$ cat coords24.cif   # mmCIF, C-alpha atoms
data_entry
#
loop_
_atom_site.group_PDB
_atom_site.id
_atom_site.type_symbol
_atom_site.label_atom_id
_atom_site.label_comp_id
_atom_site.auth_asym_id
_atom_site.auth_seq_id
_atom_site.Cartn_x
_atom_site.Cartn_y
_atom_site.Cartn_z
ATOM 1 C CA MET A 1 -75.926 -30.331 61.768
ATOM 2 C CA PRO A 2 -76.983 -26.735 60.935
ATOM 3 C CA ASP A 3 -78.363 -26.789 57.356
ATOM 4 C CA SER A 4 -81.308 -24.394 57.167
ATOM 5 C CA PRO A 5 -81.666 -22.866 53.733
ATOM 6 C CA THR A 6 -82.803 -19.478 55.015
ATOM 7 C CA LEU A 7 -79.635 -17.441 54.832
ATOM 8 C CA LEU A 8 -78.660 -18.743 51.445
ATOM 9 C CA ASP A 9 -82.206 -18.093 50.156
ATOM 10 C CA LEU A 10 -81.976 -14.499 51.359
ATOM 11 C CA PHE A 11 -78.732 -13.996 49.536
ATOM 12 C CA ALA A 12 -80.158 -15.593 46.361
ATOM 13 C CA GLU A 13 -83.230 -13.381 46.515
ATOM 14 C CA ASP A 14 -81.171 -10.260 47.108
ATOM 15 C CA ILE A 15 -78.744 -10.985 44.214
ATOM 16 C CA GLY A 16 -81.840 -11.151 41.941
ATOM 17 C CA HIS A 17 -83.235 -7.928 43.355
ATOM 18 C CA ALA A 18 -79.867 -6.122 43.173
ATOM 19 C CA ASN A 19 -79.435 -7.182 39.551
ATOM 20 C CA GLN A 20 -82.926 -5.909 38.777
ATOM 21 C CA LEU A 21 -82.180 -2.627 40.624
ATOM 22 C CA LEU A 22 -78.940 -2.131 38.688
ATOM 23 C CA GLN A 23 -80.802 -2.675 35.407
ATOM 24 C CA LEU A 24 -83.489 -0.139 36.398
ATOM 25 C CA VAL A 25 -80.805 2.388 37.341
ATOM 26 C CA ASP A 26 -79.161 1.896 33.938
ATOM 27 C CA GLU A 27 -82.594 2.201 32.281
ATOM 28 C CA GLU A 28 -83.025 5.490 34.160
ATOM 29 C CA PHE A 29 -79.585 6.705 32.959
ATOM 30 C CA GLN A 30 -80.729 6.048 29.400
ATOM 31 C CA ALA A 31 -83.941 7.913 29.975
ATOM 32 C CA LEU A 32 -82.067 10.885 31.439
ATOM 33 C CA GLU A 33 -79.658 10.963 28.463
ATOM 34 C CA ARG A 34 -82.571 10.864 26.109
ATOM 35 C CA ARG A 35 -84.662 13.414 27.967
ATOM 36 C CA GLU A 36 -87.614 11.015 28.439
ATOM 37 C CA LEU A 37 -89.405 12.578 31.403
ATOM 38 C CA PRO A 38 -92.571 10.487 31.746
ATOM 39 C CA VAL A 39 -90.735 7.218 32.250
ATOM 40 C CA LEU A 40 -88.728 8.512 35.153
ATOM 41 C CA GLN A 41 -91.731 8.333 37.508
ATOM 42 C CA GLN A 42 -92.469 4.790 36.376
ATOM 43 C CA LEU A 43 -88.883 3.679 36.940
ATOM 44 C CA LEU A 44 -89.050 5.115 40.483
ATOM 45 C CA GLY A 45 -92.225 3.027 40.990
ATOM 46 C CA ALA A 46 -90.436 -0.046 39.728
ATOM 47 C CA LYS A 47 -87.448 0.512 42.103
ATOM 48 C CA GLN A 48 -89.739 0.811 45.188
ATOM 49 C CA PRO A 49 -90.603 -2.820 45.797
ATOM 50 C CA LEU A 50 -86.971 -3.797 45.210
ATOM 51 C CA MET A 51 -85.540 -1.368 47.705
ATOM 52 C CA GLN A 52 -88.108 -2.486 50.295
ATOM 53 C CA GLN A 53 -87.214 -6.105 49.687
ATOM 54 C CA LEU A 54 -83.478 -5.361 49.881
ATOM 55 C CA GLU A 55 -83.969 -3.434 53.167
ATOM 56 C CA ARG A 56 -86.089 -6.205 54.712
ATOM 57 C CA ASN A 57 -83.800 -8.941 53.519
ATOM 58 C CA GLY A 58 -80.754 -7.103 54.873
ATOM 59 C CA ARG A 59 -82.414 -6.923 58.241
ATOM 60 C CA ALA A 60 -83.198 -10.657 57.997
ATOM 61 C CA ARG A 61 -79.598 -11.584 57.201
ATOM 62 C CA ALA A 62 -78.334 -9.326 60.019
ATOM 63 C CA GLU A 63 -80.763 -10.976 62.481
ATOM 64 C CA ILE A 64 -79.646 -14.466 61.528
ATOM 65 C CA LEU A 65 -75.990 -13.566 62.069
ATOM 66 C CA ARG A 66 -76.677 -11.690 65.292
ATOM 67 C CA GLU A 67 -78.611 -14.611 66.773
ATOM 68 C CA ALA A 68 -75.718 -16.937 65.810
ATOM 69 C CA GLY A 69 -73.425 -14.664 67.842
ATOM 70 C CA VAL A 70 -71.219 -13.620 64.953
ATOM 71 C CA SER A 71 -70.181 -10.153 63.667
ATOM 72 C CA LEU A 72 -72.221 -8.478 60.906
ATOM 73 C CA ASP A 73 -69.439 -8.565 58.372
ATOM 74 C CA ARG A 74 -67.557 -11.035 56.164
ATOM 75 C CA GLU A 75 -65.581 -12.485 59.033
ATOM 76 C CA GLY A 76 -68.848 -13.218 60.910
ATOM 77 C CA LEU A 77 -70.394 -14.772 57.814
ATOM 78 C CA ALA A 78 -67.268 -16.890 57.425
ATOM 79 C CA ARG A 79 -67.568 -18.087 60.989
ATOM 80 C CA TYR A 80 -71.206 -18.928 60.436
ATOM 81 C CA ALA A 81 -70.302 -20.746 57.223
ATOM 82 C CA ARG A 82 -67.274 -22.630 58.486
ATOM 83 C CA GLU A 83 -68.881 -25.989 59.277
ATOM 84 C CA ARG A 84 -71.840 -25.726 56.859
ATOM 85 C CA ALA A 85 -72.142 -27.690 53.648
ATOM 86 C CA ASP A 86 -73.578 -24.563 52.050
ATOM 87 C CA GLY A 87 -70.772 -22.374 53.472
ATOM 88 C CA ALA A 88 -68.744 -21.809 50.329
ATOM 89 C CA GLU A 89 -71.893 -20.802 48.501
ATOM 90 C CA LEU A 90 -72.853 -18.424 51.357
ATOM 91 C CA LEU A 91 -69.497 -16.688 51.092
ATOM 92 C CA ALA A 92 -69.538 -16.540 47.262
ATOM 93 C CA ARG A 93 -73.086 -15.108 47.231
ATOM 94 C CA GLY A 94 -72.341 -12.640 50.014
ATOM 95 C CA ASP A 95 -69.353 -11.333 48.019
ATOM 96 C CA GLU A 96 -71.376 -11.106 44.810
ATOM 97 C CA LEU A 97 -74.104 -9.187 46.604
ATOM 98 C CA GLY A 98 -71.570 -6.788 48.040
ATOM 99 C CA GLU A 99 -70.238 -6.073 44.540
ATOM 100 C CA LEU A 100 -73.746 -5.598 43.113
ATOM 101 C CA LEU A 101 -74.814 -3.231 45.908
ATOM 102 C CA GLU A 102 -71.726 -1.155 45.342
ATOM 103 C CA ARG A 103 -72.413 -1.084 41.575
ATOM 104 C CA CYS A 104 -75.993 0.062 42.273
ATOM 105 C CA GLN A 105 -74.737 2.791 44.605
ATOM 106 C CA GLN A 106 -72.259 4.119 42.102
ATOM 107 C CA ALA A 107 -74.688 4.037 39.189
ATOM 108 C CA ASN A 108 -77.279 5.850 41.206
ATOM 109 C CA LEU A 109 -74.800 8.511 42.206
ATOM 110 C CA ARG A 110 -73.943 8.983 38.543
ATOM 111 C CA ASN A 111 -77.681 9.490 37.767
ATOM 112 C CA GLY A 112 -78.184 11.846 40.765
ATOM 113 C CA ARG A 113 -75.355 14.047 39.602
ATOM 114 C CA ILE A 114 -77.301 14.468 36.316
ATOM 115 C CA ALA A 117 -85.571 13.230 44.304
ATOM 116 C CA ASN A 118 -85.721 10.077 42.151
ATOM 117 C CA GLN A 119 -82.180 9.049 43.223
ATOM 118 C CA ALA A 120 -82.836 9.820 46.912
ATOM 119 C CA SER A 121 -84.551 6.659 48.242
ATOM 120 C CA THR A 122 -82.128 4.557 46.174
ATOM 121 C CA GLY A 123 -79.167 6.413 47.680
ATOM 122 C CA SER A 124 -80.472 6.098 51.220
ATOM 123 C CA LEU A 125 -81.304 2.391 51.020
ATOM 124 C CA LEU A 126 -77.864 1.612 49.584
ATOM 125 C CA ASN A 127 -76.204 3.687 52.354
ATOM 126 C CA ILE A 128 -78.101 1.620 54.907
ATOM 127 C CA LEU A 129 -77.385 -1.748 53.172
ATOM 128 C CA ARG A 130 -73.626 -1.112 52.835
#
$ encode --input "coords24.cif" --output "structure tokens"
Amino acid sequence: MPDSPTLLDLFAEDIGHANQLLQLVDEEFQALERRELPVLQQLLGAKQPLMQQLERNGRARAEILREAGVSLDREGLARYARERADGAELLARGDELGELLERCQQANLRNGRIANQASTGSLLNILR
């Protein structure tokens, strides 16, 4: 019976936002390499709404799983998914999101090593 689209929609939205974040972090890497200072502030401004959306959507996904009485990890998602028609897609998207968030975290650490990596670093700590 359970077939609400909400969880899958949250994953779909977050994959889009994580891809956009990764691209902005790469854009920032290029700017740093090229010593383009003015753009760095603008790239921070572009990352803000994404990190907010990722934070909020993480909290949404966590709340859905918690209310279903499952653990907030891949085994819990798998339990949630088990009897759902959309279950294989849930799992596939969850795993893709986990890879993208890790890629964002790494790329941001690479930039940081070169304030504007702070909120990115924090949000990704929280989300992982």
$ resolve_selection --input "coords24.cif" --expression "the PyMOL selection byres ((chain A and resi 108-113) around 10)" --output "VMD selection string"
chain A and resid 21 to 22 24 to 26 28 to 30 32 to 33 102 to 107 114 117 to 120 122 to 123 126
$ closest_residue --input "coords24.cif" --among "A:43, A:78, A:51, A:128" --to "residue 65 of chain A" --atoms "only C-alpha atoms"
A:78
$ axis_aligned_box --input "coords24.cif" --around "segment 85-98 of chain A" --padding-each-side "3 Å" --output "AutoDock Vina command-line options"
--center_x -71.4 --center_y -17.2 --center_z 49.2 --size_x 11.4 --size_y 26.9 --size_z 14.8
$ closest_residue --input "coords24.cif" --among "A:73, A:83, A:36, A:96" --to "residue 19 of chain A" --atoms "all atoms listed in the file"
A:96
$ resolve_selection --input "coords24.cif" --expression "the PyMOL selection byres ((chain A and resi 9) around 12)" --output "list in words"
residues 3, 4, 5, 6, 7, 8, 10, 11, 12, 13, 14, 15, 16, 57, 60, 61, 86, 89, 90, 93 and 94 of chain A
$ write_last_selection --input "coords24.cif" --atoms "C-alpha atoms" --output "PDB file, keeping the file's coordinate frame"
ATOM      1  CA  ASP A   3     -78.363 -26.789  57.356  1.00  0.00           C
ATOM      2  CA  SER A   4     -81.308 -24.394  57.167  1.00  0.00           C
ATOM      3  CA  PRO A   5     -81.666 -22.866  53.733  1.00  0.00           C
ATOM      4  CA  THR A   6     -82.803 -19.478  55.015  1.00  0.00           C
ATOM      5  CA  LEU A   7     -79.635 -17.441  54.832  1.00  0.00           C
ATOM      6  CA  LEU A   8     -78.660 -18.743  51.445  1.00  0.00           C
ATOM      7  CA  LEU A  10     -81.976 -14.499  51.359  1.00  0.00           C
ATOM      8  CA  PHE A  11     -78.732 -13.996  49.536  1.00  0.00           C
ATOM      9  CA  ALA A  12     -80.158 -15.593  46.361  1.00  0.00           C
ATOM     10  CA  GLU A  13     -83.230 -13.381  46.515  1.00  0.00           C
ATOM     11  CA  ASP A  14     -81.171 -10.260  47.108  1.00  0.00           C
ATOM     12  CA  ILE A  15     -78.744 -10.985  44.214  1.00  0.00           C
ATOM     13  CA  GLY A  16     -81.840 -11.151  41.941  1.00  0.00           C
ATOM     14  CA  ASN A  57     -83.800  -8.941  53.519  1.00  0.00           C
ATOM     15  CA  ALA A  60     -83.198 -10.657  57.997  1.00  0.00           C
ATOM     16  CA  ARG A  61     -79.598 -11.584  57.201  1.00  0.00           C
ATOM     17  CA  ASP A  86     -73.578 -24.563  52.050  1.00  0.00           C
ATOM     18  CA  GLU A  89     -71.893 -20.802  48.501  1.00  0.00           C
ATOM     19  CA  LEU A  90     -72.853 -18.424  51.357  1.00  0.00           C
ATOM     20  CA  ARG A  93     -73.086 -15.108  47.231  1.00  0.00           C
ATOM     21  CA  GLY A  94     -72.341 -12.640  50.014  1.00  0.00           C
TER      22      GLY A  94
END
$ closest_residue --input "coords24.cif" --among "A:45, A:55, A:2, A:77" --to "residue 127 of chain A" --atoms "all atoms listed in the file"
A:55
$ atom_distance --input "coords24.cif" --atom1 "atom CA of residue 71 of chain A" --atom2 "atom CA of residue 53 of chain A"
22.4 Å
$ closest_residue --input "coords24.cif" --among "A:54, A:97, A:46, A:125" --to "residue 74 of chain A" --atoms "only C-alpha atoms"
A:97
$ atom_distance --input "coords24.cif" --atom1 "atom CA of residue 79 of chain A" --atom2 "atom CA of residue 100 of chain A"
22.7 Å
$ atom_distance --input "coords24.cif" --atom1 "atom CA of residue 80 of chain A" --atom2 "atom CA of residue 64 of chain A"
9.6 Å
$ closest_residue --input "coords24.cif" --among "A:37, A:23, A:17, A:69" --to "residue 50 of chain A" --atoms "only C-alpha atoms"
A:17
$ build_atoms --input "coords24.cif" --residues "segment 91-105 of chain A" --atoms "N, CA, C and O atoms" --output "compact mmCIF listing (two decimals), in the frame of the given file"
# COMPACT_ATOMS: atom_id res chain seq x y z
N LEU A 91 -70.58 -17.68 51.24
CA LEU A 91 -69.50 -16.69 51.09
C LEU A 91 -69.48 -16.12 49.65
O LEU A 91 -69.36 -14.89 49.48
N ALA A 92 -69.57 -16.96 48.63
CA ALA A 92 -69.54 -16.54 47.26
C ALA A 92 -70.71 -15.59 46.98
O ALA A 92 -70.59 -14.55 46.31
N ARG A 93 -71.91 -15.97 47.45
CA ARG A 93 -73.09 -15.11 47.23
C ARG A 93 -72.99 -13.80 48.02
O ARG A 93 -73.37 -12.76 47.53
N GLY A 94 -72.51 -13.86 49.26
CA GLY A 94 -72.34 -12.64 50.01
C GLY A 94 -71.42 -11.69 49.27
O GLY A 94 -71.63 -10.48 49.23
N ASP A 95 -70.32 -12.19 48.70
CA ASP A 95 -69.35 -11.33 48.02
C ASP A 95 -69.94 -10.76 46.71
O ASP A 95 -69.66 -9.64 46.34
N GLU A 96 -70.70 -11.59 46.01
CA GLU A 96 -71.38 -11.11 44.81
C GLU A 96 -72.39 -10.02 45.13
O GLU A 96 -72.52 -9.03 44.41
N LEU A 97 -73.19 -10.23 46.17
CA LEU A 97 -74.10 -9.19 46.60
C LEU A 97 -73.40 -7.93 46.97
O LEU A 97 -73.83 -6.84 46.59
N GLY A 98 -72.28 -8.01 47.71
CA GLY A 98 -71.57 -6.79 48.04
C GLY A 98 -71.12 -6.04 46.81
O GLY A 98 -71.24 -4.81 46.72
N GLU A 99 -70.64 -6.75 45.76
CA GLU A 99 -70.24 -6.07 44.54
C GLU A 99 -71.45 -5.42 43.87
O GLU A 99 -71.36 -4.27 43.44
N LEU A 100 -72.56 -6.15 43.80
CA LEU A 100 -73.75 -5.60 43.11
C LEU A 100 -74.28 -4.38 43.84
O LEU A 100 -74.71 -3.43 43.19
N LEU A 101 -74.30 -4.40 45.16
CA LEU A 101 -74.81 -3.23 45.91
C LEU A 101 -73.93 -2.02 45.67
O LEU A 101 -74.38 -0.87 45.54
N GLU A 102 -72.62 -2.25 45.59
CA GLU A 102 -71.73 -1.16 45.34
C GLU A 102 -71.95 -0.62 43.91
O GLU A 102 -71.95 0.62 43.66
N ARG A 103 -72.12 -1.51 42.92
CA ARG A 103 -72.41 -1.08 41.58
C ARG A 103 -73.70 -0.26 41.53
O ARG A 103 -73.75 0.77 40.83
N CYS A 104 -74.74 -0.72 42.21
CA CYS A 104 -75.99 0.06 42.27
C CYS A 104 -75.72 1.45 42.86
O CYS A 104 -76.22 2.46 42.35
N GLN A 105 -74.99 1.50 43.95
CA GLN A 105 -74.74 2.79 44.60
C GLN A 105 -74.04 3.74 43.70
O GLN A 105 -74.44 4.93 43.60
